[PDB]
């Protein structure tokens, strides 16, 4: 029952997929999951989002991963407009305390940030996936464990 992955969600059960709000964690079984910390008020986020969408189109089926928006937006309206541009999942905006839990858990101090985790185990791969989407657009070294090792 996705115990490892459940550890990331103390206050949500199902998450969003477009207009649907009934996506359950077991649907992510066997995949890599990326938490995308982002907001519509952030210029580099607005520019990185389309790069991440290009990467998702190219590799999200073959490399077997999913993306979930963890929003730093200032309002429900901003969240709705921004998330509507995206093809992936989102932690519901209403779960602000859950967004805080993940933000501190991964020591996210700025955005955009992209964190990779294993769905089955719940283990962490890297917190520096944003760098790699840009540097490795063909996904040759995906999912990039321990990018943190770099100088």
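Numbering follows the first chain given and starts at 1.
Higher mean CA B-factor, judged across 78 to 86 and 91 to 99 from the recorded values: 78 to 86. For the pair 23 to 31 and 106 to 114, the record assigns the higher mean C-alpha temperature factor to 23 to 31. Annotation for residue 70: CA B-factor lies in the lowest third of the chain's modelled residues. Ranked within its chain, residue 127 lands in the lowest third, by CA B factor from the PDB record. Per the deposited record, the Cα B-factor of residue 60 falls in the highest third when ranked against the other modelled residues of its chain. The deposited CA B-factor of residue 10 belongs to the middle third of values across its chain.
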